[PDB]
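Just the one chain here, the form deposited in one PDB entry, laid out as structure tokens.
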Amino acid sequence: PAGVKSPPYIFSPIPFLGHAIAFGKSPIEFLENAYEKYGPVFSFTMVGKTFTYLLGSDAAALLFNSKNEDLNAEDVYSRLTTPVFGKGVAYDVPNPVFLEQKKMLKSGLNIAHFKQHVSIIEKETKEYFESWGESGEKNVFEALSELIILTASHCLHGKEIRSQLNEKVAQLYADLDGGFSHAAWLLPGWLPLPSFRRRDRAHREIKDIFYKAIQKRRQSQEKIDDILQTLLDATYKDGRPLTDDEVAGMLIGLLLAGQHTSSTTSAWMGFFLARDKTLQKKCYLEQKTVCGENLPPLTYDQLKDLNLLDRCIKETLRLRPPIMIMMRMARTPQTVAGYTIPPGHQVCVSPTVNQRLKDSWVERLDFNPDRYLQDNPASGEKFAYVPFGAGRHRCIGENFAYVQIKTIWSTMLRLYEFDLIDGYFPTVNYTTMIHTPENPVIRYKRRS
């Protein structure tokens, strides 16, 4: 015991902003260079706050094993940066409660339901891309996100709600999250802020569609077995059932939480595959090898066996995780790689950086889905590959994501063959709140 034995602090010559600019410009590069000079654990200032980063699996442990009362999640957010769910749900309530609601939702996303989803997803994907004609050059990112709002609406909300979803309602979801929770690092909690009228309005409006549908279901009670159901049935350790709000709130939250994350990932995979033409063909041939030369309507059980397409996703998520930082506020001193983190610091982990770390991953920057066949830190280490989180803090909708993407990409990979427009592989765009692919226009043509 001595006093100051905290992690090395990187100084900035810019009094308040600190490193906010360098980080804002290119965070992964920033964080890598920092690792090289200061090791696995270090502090620095951005926009008045002190951040302490945990790099590599060993140190990343502290966050992944933490309890929300030592390393706090709600503390990280502003009225603006709070992830959108609803009143009385998620960040609007105490953690223990939020945890319970995630439980309820998790039990909703099960093998039973997934089986129903696969065919819905495939039908939607099939119908959507019909409008793409025989060939052309179009924005896959924009397509994929326009689609995923349909597919995920259907699977997670049920056909009553999905039927009500015209492009006027789709437009309202766009209003809902401008992606702000990804920007929490930049905007500190203390800033004065006006009401976000556009958001609060669309929420009110969308929430109202849910009331109308929670109505219809609670009346005629037939054989409908969807996520919506699971929820209505569910109750707390209370015994108390979910109010109508809670139901809509956590369902809206759920769709959003998965919306951008998925389209990012989907588009990126699309380009990786379009760049390595061999690999693309290969998991197209695996479509026949596994599913059968005639290409039947898709099933959940085939998905379990599309092992290349599975590694292509896994590998996409390694090089392009849609959630770049996981972030918690120190409320009680913590010990990591020798150091003590004083309460006050925002403790952070970067999926992107851990998954790319120069002394763990061979060929760090390479899109090689075969790497998971040899040895790798994915299995080798506890927390080197953590795109969905890890320990106590893992994404509830991990599995649905794999269902949704795999289906969509299969279906897509069937209808079309893809490649880059002029050898142009899309560059990362840090300028959107959630990192998007720069100019994601893709060339496609009918497959044979």
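Shifts are known only where both forms have a C-alpha. For clarity, a rigid core is taken as the largest C-alpha set superposing within 1.5 Å between two forms. The first residue of the sequence shown is number 1, and the count goes up from there.
What comes next is about the form deposited in another entry, which does not appear here.
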| Given a rigid core superposition of the two forms, which one of 285, 191, 111, 373 has its CA shift by 2 angstroms or more between the shown form and the other one? | 191
| query | Would you say residue 204 moves between the shown form and the other one, meaning its CA shifts by 2 Å or more once the core is fitted? | reply | no
| said: Taking the rigid core as the reference frame, tell me whether residue 83 has a CA displacement of 2 angstroms or more between the shown form and the other one. | reply: yes
| task | Taking the rigid core as the superposition reference, indicate whether the CA of residue 356 shifts 2 angstroms or more between the shown form and the other one. | result | no
| query | Did residue 256 and residue 195 drift closer or farther in the other entry, going by a CA distance change of 3 angstroms or more? | reply | closer
| task | Tell me whether residue 42 and residue 83 end up closer or farther apart in the other entry, going by their C-alpha atoms; the shift is 3 Å or more. | result | farther
| said: Can you give me the runs of at least three consecutive residues whose Cα atoms all move 2 Å or more between the shown form and the other one, with the core used for the fit? | reply: 77 to 84, 181 to 195, 391 to 393
